[PDB]
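In what follows, one protein chain appears twice in different forms, each by itself as structure tokens: structure 1 and structure 2.
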Structure 1
């Protein structure tokens, strides 16, 4: 890097080199380089940033500044002409449950968060971005093209604020701008426990010595725990229904209530922690609060690793799985475990797997009540539909029995996300996640499609006919060439997602490469990886080998009918089995006879 040692939060790291638990912040994982993979550091750059001014300004910022001699298209125009579709008939994934989409969002939240720069206080600035659509400093609004229906109902732009960056946070440094990752790069259940000391502690039950996570005190799920409420204003979850006045949940990750199924998934994970901590107490009555907390946390971290690497990545990466994530050979301390800037875009392939509706199903996996099925847009920042309309169980059934959207070159992102997205502070269900993704690519200084094709050892199409052959799609290639005049200029999110999916996977070759490398690195570069000799005992790892999502559900809801393979498409009752069929987590290897 241009000038090494520019970090604002570098010190305050007393690494206890025998401490057997992960830190919350991810510091002290790597011994030689203790900040590697820790939160609140720069995202890694696998390739040098590309900004219109070499330093900081996004391509598209200045009108008369070309990229390789062509203007970059408006993000919303690309969204409208390539990404949008009308007909939700036929879009569903006949071999992936809705859990497959949801696990992806969960894993993503474990690994990366690049928050908007801090300008939250009352001011003209953020409201003048919204109101007057005035580009400047961190305000980089998504301007509507002519012929955009939203022009007629919403104004001239959708607000957008540039991502935070390290070193000077209002002024800048002399290398290219580097965006921050606010969570730990390690797959470590940071979304459950938090990535900062403050939050980690606020989330805990330190009022009793049982090592429990705090649970909700105002509401219960047929006895089972809910996440605690986050009691700060303005609250988006209150804003979406002022009558119900039900707040957002408080979880290790800030985004937990963005949609009801993510909130759902967070609820399972918290309950798992508590069930593990109570189960541990009995087997080790002598263990204190810290000990029980840390040992539950460690088990939950392992669970997420296994589900991810054994269950999830094989049906994303398909044939490429082995090529990028060969079987584990042990911790390598030479591996950079940091999340890359490009990965935070590559893993947005999930956006094309989100379907337009969510169902609540009853115990016979039939519609729960008269509005069992709801449009996804009514479920952003929606906690009241959990609290006051059946709790978790009906939503979890729908995750099992309903299907993900299938990526489709003609039907990429459902209008529920493309046209009706809600964002805190902006008051309308009227934003476009696709447009935001594209603007964010520019904001983060992303190299274009051919740069990444080059990086990944893939052919770099220079013409329409070349692009037609790579996309295997003449009309999409044409639309991409008409908007971006060269494939060199195609934004990586749309370019990557445009490629046909590899055999037995759900992403194309380029994304398989970007994803596969990242996941290989977060495994191989993790000192606390579950299968690393020493982290667990031989017998502990024999127990952990048997975890399943199916089992998580059985332990932590009142559901009794589960598939064995929760991520594939399952129909009830054919592909469902009683919970007693399903292997448990045997915790007897954690018995410490410690006398």
Structure 2
């Protein structure tokens, strides 16, 4: 007897239904189906979940339970044998700036977050999990395979805690397990403003009727603002350097300080808000704080949607853009906003675009200081390098002048992420993002590689030879078969990323399809999509079609030399122009007048 729906977390909201602005939680976007796309609800399922016991257990959880007749290789084993590489020479992307990779994480953070199980309120089950590699309940450690170097130095496994699921955080069983999406599915700047009420209201500066976002009161960037500091027992950022004592930042999204270039882009967007809110007071001295806040917030979301859809997607996707994301024909309330569960893994193609180093550049876009270039892995949860070493201006230049890493079937994920990842409660710079991606692929009950090739109307290889043909790599196909034994068993993250990139894109056909369908949905299914008639006026959409990431930098930094097209590889000074040459955002259409 099928069910209409599940009822634990949700004190329900009324909906204004006259309302102009999006809610903070995403609720009320779809009038006939309120909760669609709202934070803290189940990630949507495009295909039924596939677990080892049909309900919630991990393929690979029980030694004896095979997937289609074969054991399901250890995540860290797939990582070692396939994902890793030694030589960082030549892996750079000749036609994608480092911003390409960065916007990707930004957009991704705007769309989805599946935390680990809230059941962690003064327990040792985390330390027991950590210490003796005892699998049980939500502790699902990543076991090291034999001959794994980390055995000589780290122990027998790597922490890992299953994702939050719906209708509790403790006991459940009776139907298939569904993981939670803690942020709104809409492209709406929830990473800047937040997805709950605590949080939004508290990022805000309410002492002054100007609708500013609260800023750091304890540090300045040559007169420019920094996000406020955070508040936890264990701040990660402090932990990585106990002498410096610099806290992580407080943003609408939780992960803001995971890495220094992500905190940088966050710092960037928070300035755009206050800049808009300030130019909005100058233009409208009567508008109160909430009106300034909400209309700045409106505009910021529109900027994110445009840079993403106009500049970003066309070059992830390439020749498949026009197959999945056609010209926008208007708000369609029949579409499902919801970020699917598989998309949260598909969008992880970004992990293969992160290079091994990050640079600080000075005004002439030459090395800044004596330790200009830094090992990626020393910048996890690193805020001190920003506050007490130059601000964001040198880092933003590197985002423009340096390049992204290029996905390469023989060099997938840099060791800075594959062996040196820092996670916020554990002590070492010794984790593996690729192994975690795979373990999480199964924690979430993802169907295999062929289930998705089928979903996308693509062939489903059954033999080495077939897979060779699809991967266009004999040796990669070989290692996969040796590891998984049937194309059927290949985890979607790695199978999806094993495919050669499409014409003029950076993902293969399978991911082009998975990503292409989702972005089409979050656009068409948004009542507040910026280009939907009503949302913005006649002259309002005209001023907005002029925004660019180059202008965002120009207005929120003291940089004055930027590329016109920030996402392609840009070389200084030839590919760089002066800020005066770049179109500004004309706020004149926001003018309401009265008597």
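Numbering follows the first chain given and starts at 1. Whichever C-alpha set is largest while still superposing within 1.5 Å between the two forms counts as the rigid core.
Once the core is superposed between the two structures, every option in 457, 90, 120, 149 stays below 2 Å in C-alpha shift except 120. Residue 589: CA moves less than 2 Å between the two structures after rigid-core fitting. Relative to the superposed rigid core, the position of the CA of residue 15 differs between the two structures by less than 2 Å.
On a core-based overlay, residue 533 has a Cα shift of 0.4 Å between the two structures.
For residue 168, the displacement of the CA atom between the two structures, after superposition on the rigid core, amounts to 2.8 Å.
Shown is the Cα shift of residue 233 between the two structures after rigid core superposition, which amounts to 1.9 Å.
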